Each structure stands twice: as structure tokens, then as C-alpha cells.
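Chemist: Sharing an experimental structure here, sequence included.
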Amino acid sequence: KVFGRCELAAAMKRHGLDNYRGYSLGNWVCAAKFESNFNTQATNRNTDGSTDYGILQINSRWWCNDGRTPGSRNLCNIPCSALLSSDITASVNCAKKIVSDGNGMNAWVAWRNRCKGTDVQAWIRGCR
């Protein structure tokens, strides 16, 4: 599924992300936009053989199991395919664990390079 901007904001708010560990809703929508273009089915392969999955592009090297990344951890305790669902619950719950591990949202390269230090509130402007 490809979410709308305001549609995704409302979904993320319901799931407890607004100000989670100090990050306003605008940060999370901005990261989804540049990581996946709001598409739950997005995948991308990395140099080291790991793969990124879904709306927030979560990495098989540490967070989920996809059966083809030798020596990797499964810290969110899920198959990577569950992260591509039209229901964003599994992605949200896994992301909550990632942003809590000490490095905040710096774990998402596109947030660091394209959202951080910008007017992120603009990403939720106009939404009910």
C-alpha cells in the first residue's frame, strides 16, 4: 500500500509515535517519505548482503529474519516479510525498539541527511 501524507500521520499518531522518546510526529513522516516514498512494499539490498524492508526500511542485519543474511540478529523477533504489510503495526513496534537503543533517529540515514535540522512540522501541516 502507498499511504497518503496525512493518512500516514494519522496512522502513526494512533500507534503512539507522536513525541515518542522526544521525536515529534513530523520527524517520523519525513523519514518515511525519504526512506520508502510512503510505500509499505519497498525493499532495497545493501552491499554487505543485508536487505532493508518496508515503510521505514528496517535492516535484516540486526532487526528481522529473512533467511538469507548469515550471522545476523533478529532483535525485533519477526520475519522481515511482516514489515511489508498494509498494516503498519509491526513496523511501528520494531521502530520503537530501534530509536530507544541509544542513537535515536540517527539510525535512519535519510532522516539524518534530509530531515534533521529542518522544519519537520511542515510534514503534518493541513492534516486533521
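Modeler: Looks like it arrived, so ask away. Numbers count the residues shown, from 1 in each chain.

Chemist: how much space is there between the residue most central in space within the chain and residue 126?
Modeler: Nearest to the geometric centre of the chain sits residue 56, at 2.2 Å (CA atoms, centre = their mean). For residue 56, the distance to residue 126 (CB to CB, to the nearest Å) stands at 23 Å. Heads up, the C-betas are built off the backbone N, CA and C, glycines and all.

Chemist: Just confirm the residue nearest to the centre of the chain contacts residue 35, I think it does.
Modeler: Yes - using CB atoms under 8 Å, residue 56 is in contact with residue 35, at 5.8 Å.

Chemist: What ranges does the chain have for its strands?
Modeler: 43-45, 51-53, 58-59 (DSSP state E).

Chemist: got CSV for those strands, with mean neighbour count and distance to residue 92 too?
Modeler: Conversion of the strands of the chain to CSV gives the following (neighbours: other CB atoms under 10 Å; distance: least, CB to CB, whole Å):
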stretch, mean neighbour count, distance to residue 92
strand 43-45, 13, 18
strand 51-53, 22, 14
strand 58-59, 22, 11
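
Chemist: Include distance to residue 103 when you put the ones you listed into CSV, please.
Modeler: What follows is those, written out as CSV (distance: least, CB to CB, whole Å):
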stretch, distance to residue 103
strand 43-45, 20
strand 51-53, 17
strand 58-59, 13
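
Chemist: what's in contact with the helix ranked longest in the chain?
Modeler: The single longest helix within the chain, with elements called by DSSP state H, is helix 25-36. Contacts to helix 25-36, defined as CB atoms under 8 Å, 6 or more residues apart in numbering, come from residues 3, 5, 8-9, 12-13, 17-19, 38, 42, 54-57, 105, 108, 110-111, 114-115, 118, 120-124.
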